[PDB]
Amino acid sequence: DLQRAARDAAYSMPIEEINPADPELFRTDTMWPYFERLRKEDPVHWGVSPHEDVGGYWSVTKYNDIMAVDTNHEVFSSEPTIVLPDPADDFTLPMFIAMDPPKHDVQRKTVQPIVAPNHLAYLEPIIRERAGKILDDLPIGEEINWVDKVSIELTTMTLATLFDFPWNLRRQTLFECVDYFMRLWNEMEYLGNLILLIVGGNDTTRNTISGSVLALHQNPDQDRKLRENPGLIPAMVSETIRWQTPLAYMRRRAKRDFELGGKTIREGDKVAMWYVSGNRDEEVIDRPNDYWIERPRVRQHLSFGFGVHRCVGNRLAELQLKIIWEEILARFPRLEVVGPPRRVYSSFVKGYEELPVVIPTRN
Ligand code: HEM
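Procedures and definitions
- Residues numbered from 1 in each chain as written, not as in the entry; some residues may be left out.
- Heavy atoms only, no water.
- Helix = DSSP H or I, 4+ residues; strand = E, 2+ residues; numbered from the N terminus.
- Rg over C-alpha atoms; globule rule 2.2 N^0.38 Å.
- Areas by Shrake-Rupley, 256 points an atom, 1.4 Å probe, with all protein chains shown as cover.
- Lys, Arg positive; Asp, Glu negative; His and termini not counted.
- Charge placed at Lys NZ, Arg CZ, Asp CG, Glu CD.
- Donors = N, O, S within 2.8 Å, 3.2 Å for Na, K, Ca; no water.
- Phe/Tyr/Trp six-rings, centres within 6.5 Å; stacked < 30°, edge-to-face > 60°.
- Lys NZ or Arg CZ within 6 Å of the ring centre and 35° of its normal.
- Salt bridge = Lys/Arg side-chain N within 4 Å of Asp/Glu carboxyl O.
- Buried < 20%, exposed > 50% of the residue type's maximum accessible area, 1.4 Å probe, protein only.
- Near = heavy atom within 4 Å.
- Polar contact = N/O pair within 3.5 Å; in protein donor to acceptor, adjacent residues only side chain to side chain.
- Pairing = 2+ DSSP bridges.
- Contact = heavy atoms within 4.5 Å.
- Axes fitted to C-alpha atoms, helices over the stretch in contact; angles between N-to-C directions.
- Expected span 1.5 Å × (residues − 1).
- Parallel < 35°, antiparallel > 145°, perpendicular 65-115°, else oblique.
- Left-handed = near helix turned anticlockwise from the far one by under 90°.
- Nonpolar A, V, L, I, M, F, W, Y, C, P; charged D, E, K, R; others polar.

Listed as the method for this PDB entry is X-ray crystallography; the listed resolution is 2.90 Å.

Quick look at the structure:
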């Protein structure tokens with residue numbers, strides 16, 4: 001089908017021309033063969049994009065390589081940004097994800113409370129109630145865009161719930177403040193930090209909900225295993241977060257000359273940590289291109305990163321999705337995917353815009 005044509009085109013073409021950051025590979029879902037080939041023949045790979053903002057950059061495609069970059073913030077700087085294209089000046093709000101340790105470590109401490117375990121324990125029964133209602137309102141035996149009707153709805157609910165937003169003069173004035181800045185974003189320390197949490201927990205949680213549904217459509221063996229024993233939901237949530245890799249990569253910038261995969265990454269070079277490709281390294285992961293809930297070491301995966309920038313919201317994400325999926329199995333014995341998805345046109349955000357689903361029956 002498509003996956004074969006791309007395998008042909010990828011192994012055929014001259015390896016230096018492989019530009020993994022092409023967003024048209026990620027939307028057509030044809031990017032796996034390119035990454036597989038690099039993983040073998042050119043693990044640390046110099047490529048060039050047609051786009052200026054990007055230009056030439058290193059693709060780090062293997063698990064251990066990626067870790068060596070992620071964990072080493074002395075050499076590999078999260079400044080000035082963490083996406084490939086260099087910063088404009090549309091949005092100058094201070095993101096601590098694109099800040100380096102001393103300054104970075106301080107700002108992070110300001111958000112660790114809001115995602116602390118005793119606060120998660122407060123939120124759980126609320127998230128569950130609220131998820132329960134969103135799901136009780138879905139239509140039965142009628143086709144819906146799962147992304148708009150379920151993933152966005154549930155994702156919006158969680159973020160609202162996290163910050164006790166509306167869903168009174170100061171509570172209301174803060175929401176409005178936040179809504180303002182989030183709109184501008186799409187088109188000042190503590191405010192950025194709060195905007196980062198929202199941005200960093202929106203499309204990632206969204207896409208993992210849409211992801212799960214497709215994964216189970218593609219593996220009816222593993223749907224059965226899940227509905228038979230619901231104790232496997234946290235496993236399934238892990239394996240989806242690997243399988244789907246909502247943030248495909250994160251970039252860094254070398255502060256000195258550095259040797260990785262026997263190649264000299266030069267000072268000031270851009271380095272793309274391809275988590276999407278590292279999550280499928282045969283060398284570290286058994287049966288990497290298999291949706292496998294009961295795979296051993298289900299938790300060992302790159303999708304939340306490693307090192308000082310490791311997703312601060314990882315346990316909230318896993319608790320959100322756990323509750324969501326408890327509540328989904330309770331209500332719907334089938335989530336039949338009736339048409340092919342329509343994927344986001346980005347090599348950063350690996351996600352869905354459309355996912356046609358029918359829910360036949362309830363309870
Ligand atoms: C499935 C869900 C999620 C995935 C896959 C994900 C993935 C990531 C990744 C890959 C990073 C960068 C790691 C690195 O550079 O080494 C990151 C950072 C971050 N994520 Fe998430 N994330 C998820 C959910 C969330 C949630 C729910 C929140 C907040 C409620 C959140 C907030 C953040 C923040 C604030 C950062 C920056 C951390 C720092 O700079 O120290 N994420 N996330």
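Undergrad: Is there a simple way to explain the overall build of the protein in this structure?
TA: Scanning the protein from N- to C-terminus turns up 14 helices and twelve strands. Computed over the C-alpha atoms, the radius of gyration of the protein is 21 Å, within 12% of the 21 Å expected from 2.2 N^0.38 for a compact globule of 363 residues. Referenced to the eigenvectors of the C-alpha coordinate spread, the extents of the protein come out at roughly 55 × 50 × 35 Å. Carbon and sulfur atoms make up 51% of the accessible area of the protein, which totals about 17,300 Å². Of note, the protein has its 44 positive side-chain charges centred 5 Å away from the centre of its 55 negative side-chain charges.

Undergrad: Which parts of the structure should I look at to understand the coordination of the iron atom of the ligand?
TA: Ideal geometry at a metal gives 109.5 degrees between four tetrahedral donors and either 90 or 180 degrees between six octahedral ones. What the protein offers the iron atom of the ligand as a donor is a single atom, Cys311 (SG), at 2.2 Å. The topology assignment puts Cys311 in the loop between helix 13 (275-278) and helix 14 (314-331).

Undergrad: Explain the packing of aromatic side chains here, please?
TA: Centre-to-centre distance and the angle between the planes together describe a pair of aromatic rings. The full count for this structure, using the stated rule, is twelve aromatic pairs. For the ring pair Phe76 and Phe258, a centre distance of 5.2 Å and an interplane angle of 80° mean the geometry is edge-to-face. Members of the aromatic cluster, joined through ring pairs, are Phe26, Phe35, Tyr249, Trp274 and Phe348. A cation over an aromatic ring shows up here: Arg37 above the ring of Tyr11, its NZ or CZ 5.6 Å from the ring centre. Across the ring face of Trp167, the terminal group of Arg130 is positioned such that the distance to the ring centre comes to 4.3 Å.

Undergrad: Mind showing me how you'd approach the pattern of salt bridges here?
TA: Oppositely charged side chains can form a pair if their charged atoms are brought close together. Counting across every chain of the model gives 28 salt bridges. Close ionic contact of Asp136 with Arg331 constitutes a salt bridge, the shortest N to O distance being 2.9 Å. Residue classification places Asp136 among the partly exposed residues on the basis of a relative accessible area of 38%. Between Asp290 and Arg287 there is a salt bridge; the shortest N-O distance is 3.3 Å. For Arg287, a relative accessible area of 58% gives the class exposed. A cluster of three or more residues bridged by salt bridges with shared partners is formed by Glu124, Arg128, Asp136, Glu326, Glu327, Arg331 and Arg362.

Undergrad: Explain the site of the ligand here, please?
TA: The full set close to the ligand counts 29 residues, and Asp70, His104, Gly200, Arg252 and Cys311 are the nearest of them. Between the ligand and the protein, one listed contact pairs an oxygen atom with a side-chain N or O atom of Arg108 at 3.0 Å. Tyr275 has a polar side-chain atom sitting 3.0 Å from an oxygen atom of the ligand. Of all the elements in the fold, those that place two or more residues in the shell around the ligand are helix 5 (101-109), helix 9 (189-201), helix 10 (203-218), strand 5 (249-254) and helix 14.

Undergrad: Please explain the sheet that holds strand 12 (residues 356-358) as it appears in this structure.
TA: One key point about sheets: their strands pair by backbone hydrogen bonds, in either a parallel or an antiparallel sense. Taking strand neighbours across the sheet as the criterion, the three strands line up as 4-12-9 in an open arrangement whose pairing is antiparallel. Across the chains shown, the open sheet's two edge strands, defined by having one partner strand only, are strand 4 (143-145) and strand 9 (336-337). Direction of pairing for strand 4 relative to strand 12: antiparallel, over a ladder of three bridges. Across the sheet, residue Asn145 finds its bridge partner in strand 12, namely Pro356. Across the face of the sheet, helix 7 (residues 146-162) comes into contact with strand 4 and strand 12 while running at roughly 60° to strand 4.

Undergrad: Would you mind going over the environment of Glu41 with me for this structure?
TA: Within the secondary structure, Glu41 sits in helix 3 (residues 32-41). The residues contacting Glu41, other than those within four sequence positions of it, are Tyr11 and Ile15.

Undergrad: What exactly am I supposed to notice about the sheet that holds strand 3 (residues 76-77) here?
TA: The strand order across the open sheet formed by five strands is 1-2-8-5-3, and the pairing between neighbours is mixed. On the outer flanks of this sheet lie strand 1 (44-48) and strand 3, each paired with one strand and no other. As defined by bridge partners, strand 5 adjoins strand 8 (residues 270-274) across five bridges and the pair is classed as antiparallel. Each residue of the ladder has a partner; that of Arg253, found in strand 8, is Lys270. Along the sheet, helix 4 (residues 63-70) contacts strand 1, strand 2 (56-60), strand 3, strand 5 and strand 8; its crossing angle with strand 8, the most-contacted strand, is approximately 130°.

Undergrad: Mind showing me how you'd approach the side chain of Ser346 here?
TA: Mapped onto the fold, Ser346 is located in the loop between strand 10 (342-343) and strand 11 (352-354). A residue is classified by how much of its surface remains accessible, and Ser346, at 16% relative accessible area, is buried. Of the polar contacts made by the side chain of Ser346, one reaches the backbone nitrogen of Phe348; its length is 2.9 Å.

Undergrad: What is the right way to look at helix 7 in this model?
TA: In an α-helix, one turn spans 3.6 residues, which is why side chains three or four residues apart end up on the same side. The terminal C-alpha atoms of helix 7 lie 23 Å apart, and with 17 residues this matches the ideal 24 Å at 1.5 Å per residue to within 8%. By the criterion of burial, helix 7 is predominantly enclosed, with twelve of the 17 residues buried. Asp164, located one to two residues past helix 7, shows a positive phi value of around 45°.

Undergrad: How should I be thinking about the pairing of strand 5 in this particular structure?
TA: The side chains of a regular strand alternate, residue by residue, between the two faces of the sheet. Within strand 5, five of the six residues are buried, which leaves it mostly tucked inside the rest of the structure. Pairing geometry for strand 3 and strand 5, over two bridges, is antiparallel. Residue pairing in the sheet places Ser77 in a bridge with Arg253 of strand 5.

Undergrad: Looking at this structure, how should I read the packing of helix 8 (residues 169-186) against helix 9?
TA: In a pair of packed helices, the angle between the axes and the distance between the axes together describe the arrangement. The N-to-C vectors of helix 8 and helix 9 enclose an angle of 65°; their axes lie 11 Å apart at closest approach. In terms of orientation, helix 8 lies roughly perpendicular with respect to helix 9. As for the relative orientation of helix 8 and helix 9, their crossing is right-handed in sense. For the pair helix 8 and helix 9, the contacting residues are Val178, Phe181, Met182 and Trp185 in the first and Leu191, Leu194, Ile195, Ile198 and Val199 in the second. Of the residues contributing to the contact of helix 8 with helix 9, the split by class is nine nonpolar, no polar and no charged.

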